[PDB]
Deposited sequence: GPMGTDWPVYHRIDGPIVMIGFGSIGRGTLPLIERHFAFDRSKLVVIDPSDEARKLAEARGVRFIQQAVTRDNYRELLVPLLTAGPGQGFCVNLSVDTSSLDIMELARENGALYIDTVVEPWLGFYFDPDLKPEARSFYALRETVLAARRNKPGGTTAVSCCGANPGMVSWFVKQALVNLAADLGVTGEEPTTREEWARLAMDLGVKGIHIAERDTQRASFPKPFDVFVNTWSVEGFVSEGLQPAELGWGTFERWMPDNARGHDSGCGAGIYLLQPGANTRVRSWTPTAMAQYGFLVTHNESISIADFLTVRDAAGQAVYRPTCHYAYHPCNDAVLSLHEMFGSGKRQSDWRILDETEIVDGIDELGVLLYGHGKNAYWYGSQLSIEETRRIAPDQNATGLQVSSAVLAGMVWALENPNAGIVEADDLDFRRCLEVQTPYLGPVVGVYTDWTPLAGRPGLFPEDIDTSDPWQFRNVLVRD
C-alpha cells in the first residue's frame, strides 16, 4: 500500500538512465499516476536501452546536446494533455539550459546537480550556482524548477533545518520555529553554529576484490571523477581566522565561498561520523557547500554579512572508491575502465550521510541517515543504498513541485523541509541525531610540530590535512 501522491497530467521526460535514473523510475511508477505511454527516457547508451526496453518504456537513444536539445525536448515536453515533468538525471548536459527550456514551455523540472554542456574561478560550482540565481532574478516566479535536489545537494538541506530545531530544543533556546530564510539564518547564529560538514561514510563492500586499473564506485564514476578533479570548494564562515595560501575568493555573487587551487578528491579533512568515528573525508566541491552557507547568512543594514557558517563536504566513499582515488591520483590519469557497484555485487554496508553541526555549546551534532543495503533491497529495486537516498530525494522534490507548481526556480533550501522529509523518510532507514565530544584537535599536537590554532578547535586551520 505505497502512497500514490498525485497524478501527473502530462509527459514525464527522464534525461539520463544511469544508476540514479534506474533507481528513480520505479519510484515514479510507484508513487504517481500518469499516462504510461507518455513517459520517455533519453540516454545515448546501449546498456540503458536494453534496461529501459525490459520495462517497456519509450526509449530515445540520443545524447542531449547544445545543438539538438531544443528540437528534441520541446515536442516531448509539450505533448500534453497537461503539465509535463522533466526529470534530469544525466551527465554532460547543461542543467541551466534545459531548466530554462522547461520553464518557457511550462514543464516542471528537477535535477540533482548544476553542470555545463560537455581558469578555476569559472567552472567552479560557485559560478555555476550563480548562473541559476541570476536566471531566477531575471524571471521571478513562474513554473517551478527544482535545482540540485538529490541526497547531497538536496536532502542534507532538510537535515540542516531539522538539526537546527533539535539543537535549539537541546540548548534550551526558545522561540518560534523559523519560517523564513532570515529566521533560519538568525537561529543558526543564536545557537553559535560555527560551521557544518556534510559528513558521509559509505561502507558498502563488494563481493569481488578491487580490480587493477578499474575505478569502482557506488554512483556515477564520470560524475565523481569530474567533481573530484575540480578545485576544492567550501562555504566560508565568518568565524574562520585563517585560510591557506592557495585559497581564492570570488569577485561577485553571494560571497559565501572560497576555493583551493588543488583537486578536491585529493584534499583530506579531519571529520567524524557515528559509525566511522574520527575519519578522513575528501573535500570534494558540491553545490550545498555554498547554498547552505548562503542560506544561513545574516546581513545587517548595509548588507554586509555578520554571521555565516563554514560548510563543506567531508566525504569518505566506499573502500573501493578510496583505492580507486589512490590509483588515479598516483598514476596521474583516469583508469582505462570503470564500474558502478550493483546491489547484487554488494555483500553488506550502509551509506551514512548526515550533517555535522559544530561550534555550539554541545560541541558537535551529527544528524542524518544510516540506510543499509539490506534495508534498500527490501523497499526499492534496481539500486544500492547510495542510489536510494538520491532517488527518494528526487521523489520528494517532485511531490513538492506538484503541490507548488508556480514557485519559480528553487533550491532544496527553499522547499518545505517537513513535507519533503515526510515523503522521503520511508526510504532512509534509521535517521538519528548524535552528539560527540570529538574535535579536530583530538590527540594533537602529537609527535610532530603542526601549524594548528589551539584557541578554537574547529578552525579550518585544524580541519584541513596539510601534507
Relative to the deposited sequence numbered from 1, which residue ranges are unmodelled? 1-5, 124-131
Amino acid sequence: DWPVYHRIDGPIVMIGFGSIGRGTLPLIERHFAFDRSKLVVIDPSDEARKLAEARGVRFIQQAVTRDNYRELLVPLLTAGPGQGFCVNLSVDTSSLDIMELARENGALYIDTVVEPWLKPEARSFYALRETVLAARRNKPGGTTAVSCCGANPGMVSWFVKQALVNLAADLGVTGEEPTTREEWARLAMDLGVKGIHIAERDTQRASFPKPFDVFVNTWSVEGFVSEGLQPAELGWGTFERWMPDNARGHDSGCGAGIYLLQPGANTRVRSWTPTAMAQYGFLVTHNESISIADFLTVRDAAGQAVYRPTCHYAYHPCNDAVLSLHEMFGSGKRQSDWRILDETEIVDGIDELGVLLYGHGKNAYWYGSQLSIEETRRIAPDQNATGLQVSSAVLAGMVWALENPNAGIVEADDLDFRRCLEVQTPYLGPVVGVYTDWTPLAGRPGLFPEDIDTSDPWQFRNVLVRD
From here on, numbers count along this sequence of modelled residues.
Would 303-311 or 193-201 have the larger average of its C-alpha temperature factors, as given in the entry? 303-311
Compare the mean C-alpha B-factor of 33-41 with that of 426-434 as given in the PDB entry, and name the stretch with the higher value. 33-41
For 129, 339, 268, 136, the deposited C-alpha B-factor is largest at 136
By its CA B factor, does residue 17 count among the lowest, middle or highest third of the modelled residues in the chain? middle
Relative to the other modelled residues in the chain, which third contains the C-alpha temperature factor of residue 52: lowest, middle or highest? highest
Which third, lowest, middle or highest, does the CA B-factor of residue 356 fall in along this chain? lowest
So where's residue 406 on the chain's Cα temperature factor ranking, which third? highest
Would the CA B-factor of residue 233 place it in the lowest, middle or highest third of its chain? lowest
